[PDB]
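A single chain comes next, written as structure tokens; it is the form deposited in one PDB entry.
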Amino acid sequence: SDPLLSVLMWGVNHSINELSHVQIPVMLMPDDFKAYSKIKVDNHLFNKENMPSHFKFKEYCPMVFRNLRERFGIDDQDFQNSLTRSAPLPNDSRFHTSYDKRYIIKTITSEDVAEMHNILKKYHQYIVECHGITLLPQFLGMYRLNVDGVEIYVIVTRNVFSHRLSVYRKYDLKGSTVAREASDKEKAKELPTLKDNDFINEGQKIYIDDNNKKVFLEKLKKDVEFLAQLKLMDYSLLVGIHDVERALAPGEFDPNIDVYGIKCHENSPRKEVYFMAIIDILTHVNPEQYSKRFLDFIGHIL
């Protein structure tokens, strides 16, 4: 009963079925980065229960995104199911998550789409270079939906948080000089999103061991410098904490599905798993400063 949502599900379904007939090459050509597929549907006096009568659906660079999915260890059939088997769920009073909590579906602006197009080749090559091991967003699909006059753009990414294990505390850190704090309107929703100073206040610590910390920051440095290089800024580190005590394995996670998980070290006051990655990178006081400033912060909290 959300028409835009059902066009998306329809669109992803259509998209993955078409690609299932297209031979997967090992390389992308420069044209794959300029490519798209467009489908206009006009149903007259037919199929009213499921679909709108008039909708358009556009996928950007379908070959590039399939290549990315593969590189992030995502199988097209699973991706299709996660997005289609049952409707994605809305998240605030905004974004959606797939019914299985695996994927995030964010509405973005035509500006954001333009920027994504702009960085896609370099983004792809970066993913190739690091063999998919990164704390960058994992962009999996990018679409344009049209439902009789309304036009929206969506991007699909991997969830930073676990699909199984809940997260009682969420942070969003930038390490900025200006003060960042959470709304009391937000604090009163079951799961709030705290910011820099909610953290830098109530004594929040991340208990990971020195190897795990080394790996993470090495990754973060490479990622962040690549973002700097692209003149990108205003991105956050999304930090989620799962308290094992409150909520198969009786506390362990699948490291091949919940890629951003790190177990706490043995002397950790409480049994905790952490989920950390970069989010929200498509905004284009300066990029080169922001990067090292962001890195300073994350170092001092870990």
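Just so we're on the same page, rigid core means the largest C-alpha set that superposes within 1.5 Å between forms. Residue positions are given as counts along the sequence shown, with the first one as 1.
Coordinates absent for residue 100 in a third or more of other entries: No, residue 100 has coordinates in all the other entries compared.
Missing coords for residue 26 in a third or more of other PDB entries: No, residue 26 is modelled in every other compared entry.
Continuity check for residue 93 and residue 94, given as deposited residues lacking coordinates between them: Missing in between: 4 to 9 residues.
Count class of deposited residues lacking coordinates, residue 284 to residue 285: In the deposited sequence, 10 or more residues between these two have no coordinates.
Segment of higher mean CA temperature factor, 104 to 112 or 189 to 197: For C-alpha atoms only, the mean B-factor is higher in 189 to 197.
Entry-level comparison of average CA B-factors, 290 to 298 and 11 to 19, reporting the higher stretch: The entry gives the higher C-alpha B-factor average to 290 to 298.
Candidate residues 275, 55, 253, 235, the one whose C-alpha B factor the record puts highest: By C-alpha B-factor in the record, 253 ranks first.
Most elevated Cα B-factor in the entry, residues 87, 178, 155, 217: Highest CA B-factor of the listed options: 178.
CA B-factor ranking of residue 222, expressed as a third of its chain: Its C-alpha B-factor belongs to the middle third of this chain's values.
Residue 83 by Cα B-factor - lowest, middle or highest third of the modelled chain: Within its chain, residue 83 is a middle-third residue by C-alpha B-factor, going by the deposited values.
Third of the chain's Cα B-factor distribution that residue 172 belongs to, per the entry: Middle third of the chain for residue 172's C-alpha B-factor.
Chain-wide C-alpha B factor ranking for residue 231, given as lowest, middle or highest third: Tercile = middle for this residue's CA B-factor.
Assigned third (lowest, middle, highest) for the C-alpha B factor of residue 182: Residue 182: CA B-factor falls in the highest third of its chain.
The same protein also has a form deposited in another entry, omitted here; what follows describes it.
Identity of the moved residue from 214, 131, 231, 187, C-alpha shift 2 angstroms or more, core fit between the shown form and the other one: Only 187 moves by 2 Å or more at its C-alpha.
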